[PDB]
Amino acid sequence: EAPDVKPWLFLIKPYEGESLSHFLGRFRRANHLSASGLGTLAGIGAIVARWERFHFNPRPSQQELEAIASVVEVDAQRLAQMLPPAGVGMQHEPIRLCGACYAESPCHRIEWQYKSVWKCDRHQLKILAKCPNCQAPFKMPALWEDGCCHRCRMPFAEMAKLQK
DNA sequence: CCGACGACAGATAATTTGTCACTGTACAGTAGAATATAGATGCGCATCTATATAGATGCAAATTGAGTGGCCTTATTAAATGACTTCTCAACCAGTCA
């Protein structure tokens with residue numbers, strides 16, 4: 001038996017605006033989990049493999065976000081801030097990137113998927129929807145392990161130089 | 001002159017050989033045979049041995065069939081096929097017309 005340890009996981013702190021797909025992706029690298037493994041631990045089954053793709057066709061319910069909150073130690077009201085606000089239409093096909101800000105905070109911000117967003121206001125730069133050199137479309141944000149293009153291996157921080 | 005010894009010759013009993021008469025003795029059924037022992041050799045019967053096990057057992061892979069566990073897009077409209085549920089199913093009197 002254990003000598004007086006408290007039950008634990010490699011918890012992670014969320015960044016100031018990352019998407020739920022990106023956060024779950026980091027959580028399941030801090031702990032080595034598969035997408036269906038994290039869904040099974042949370043008790044919500046195969047649901048997590050939709051959310052990592054932004055397949056929010058039926059939206060994340062209060063009861064499902066609370067189930068994830070019991071794993072990841074973030075309350076349901078802070079998990080809701082990683083999803084679009086009520087009636088803010090997102091798009092889940094083109095994954096998009098600022099890249100200039102990815103040097104200030106290495107994350108996929110949820111706001112880059114809003115249908116109303118076309119330029120990052122912190123930097124006044126046009127948002128990217130493909131790698132500026134090889135034209136490859138970005139992987140889903142849960143898979144942003146390297147923080148670079150998967151085809152030509154150019155860092156996302158260097159795509160700051162190639163945009164607008 | 002007397003005594004002792006050798007040469008030569010002569011005579012003689014001992015020795016050997018032969019002949020002759022009287023005699024003690026074997027021929028008479030008879031010693032190969034009996035009776036111990038040691039020492040070597042051979043046939044028979046028992047008393048071990050050394051080999052030869054096949055059956056039983058323990059064990060260790062080599063699958064082999066039978067499990068169990070882990071991983072997965074979703075909401076509207078329209079047409080098609082196959083089904084379910086509900087509803088309905090008066091009859092003669094009163095006003096024209098050739």
# chains A, B, ... in the order shown; residues from 1 in each chain; ligands from 1
call {"tool": "select_by_dssp", "arguments": {"residues": "chain A", "states": "helix (DSSP H, G or I)", "output": "PyMOL selection string"}}
result
chain A and resi 20-30+35-42+45-51+62-72+76-82+101-103+110-113+141-143+156-158
call {"tool": "interface_residues", "arguments": {"of": "chain B", "to": "chain A", "cutoff": "8 Å", "atoms": "only C-alpha atoms (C1' of nucleotides)", "output": "PyMOL selection string"}}
result
chain B and resi 71-75
call {"tool": "residues_around", "arguments": {"residues": "residue 31 in chain A", "least_positions_apart": "6", "cutoff": "10 Å", "atoms": "only C-alpha atoms (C1' of nucleotides)", "output": "list in words"}}
result
residues 9, 10, 11, 12 and 38 of chain A
call {"tool": "select_by_dssp", "arguments": {"residues": "range 42-151 of chain A", "states": "strand (DSSP E)", "output": "list in words"}}
result
residues 119, 120, 125 and 126 of chain A
call {"tool": "write_last_selection", "arguments": {"atoms": "N, CA and C atoms", "output": "compact mmCIF listing (two decimals), in the first residue's frame"}}
result
# COMPACT_ATOMS: atom_id res chain seq x y z
N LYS A 119 -8.96 38.67 -38.83
CA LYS A 119 -7.65 39.25 -38.49
C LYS A 119 -7.48 39.15 -37.00
N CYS A 120 -6.29 38.93 -36.46
CA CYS A 120 -6.01 38.98 -35.03
C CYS A 120 -5.85 40.44 -34.62
N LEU A 125 -3.12 41.44 -37.90
CA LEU A 125 -2.67 40.55 -38.98
C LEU A 125 -3.77 39.59 -39.44
N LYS A 126 -3.87 39.30 -40.75
CA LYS A 126 -4.81 38.31 -41.30
C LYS A 126 -4.53 36.91 -40.76
call {"tool": "residues_around", "arguments": {"residues": "residue 95 in chain A", "least_positions_apart": "4", "cutoff": "9 Å", "atoms": "only C-alpha atoms (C1' of nucleotides)", "output": "list in words"}}
result
residues 91, 112, 113, 128, 129, 130, 137, 138, 139, 140 and 141 of chain A
call {"tool": "residues_around", "arguments": {"residues": "residue 18 in chain A", "least_positions_apart": "6", "cutoff": "9 Å", "atoms": "only C-alpha atoms (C1' of nucleotides)", "output": "PDB file with N, CA, C and O atoms, in the first residue's frame"}}
result
ATOM      1  N   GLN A  81     -15.852  28.426 -21.192  1.00  0.00           N
ATOM      2  CA  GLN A  81     -15.104  29.530 -21.816  1.00  0.00           C
ATOM      3  C   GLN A  81     -14.153  29.079 -22.934  1.00  0.00           C
ATOM      4  O   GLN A  81     -13.671  29.914 -23.693  1.00  0.00           O
ATOM      5  N   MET A  82     -13.890  27.778 -23.078  1.00  0.00           N
ATOM      6  CA  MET A  82     -13.132  27.208 -24.195  1.00  0.00           C
ATOM      7  C   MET A  82     -14.016  26.784 -25.381  1.00  0.00           C
ATOM      8  O   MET A  82     -13.526  26.132 -26.299  1.00  0.00           O
ATOM      9  N   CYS A 107      -0.722  28.044 -28.060  1.00  0.00           N
ATOM     10  CA  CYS A 107      -2.069  27.483 -27.996  1.00  0.00           C
ATOM     11  C   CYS A 107      -2.863  27.750 -29.284  1.00  0.00           C
ATOM     12  O   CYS A 107      -2.545  28.672 -30.032  1.00  0.00           O
ATOM     13  N   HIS A 108      -3.927  26.985 -29.539  1.00  0.00           N
ATOM     14  CA  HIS A 108      -4.950  27.325 -30.539  1.00  0.00           C
ATOM     15  C   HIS A 108      -6.072  28.070 -29.843  1.00  0.00           C
ATOM     16  O   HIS A 108      -6.758  27.488 -29.009  1.00  0.00           O
ATOM     17  N   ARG A 109      -6.260  29.353 -30.139  1.00  0.00           N
ATOM     18  CA  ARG A 109      -7.309  30.154 -29.504  1.00  0.00           C
ATOM     19  C   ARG A 109      -8.664  29.810 -30.103  1.00  0.00           C
ATOM     20  O   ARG A 109      -8.778  29.707 -31.317  1.00  0.00           O
ATOM     21  N   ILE A 110      -9.717  29.697 -29.300  1.00  0.00           N
ATOM     22  CA  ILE A 110     -11.039  29.331 -29.840  1.00  0.00           C
ATOM     23  C   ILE A 110     -11.556  30.364 -30.843  1.00  0.00           C
ATOM     24  O   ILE A 110     -12.195  30.007 -31.824  1.00  0.00           O
ATOM     25  N   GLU A 111     -11.228  31.637 -30.644  1.00  0.00           N
ATOM     26  CA  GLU A 111     -11.738  32.739 -31.459  1.00  0.00           C
ATOM     27  C   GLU A 111     -11.364  32.646 -32.939  1.00  0.00           C
ATOM     28  O   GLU A 111     -12.095  33.149 -33.783  1.00  0.00           O
TER      29      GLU A 111
END
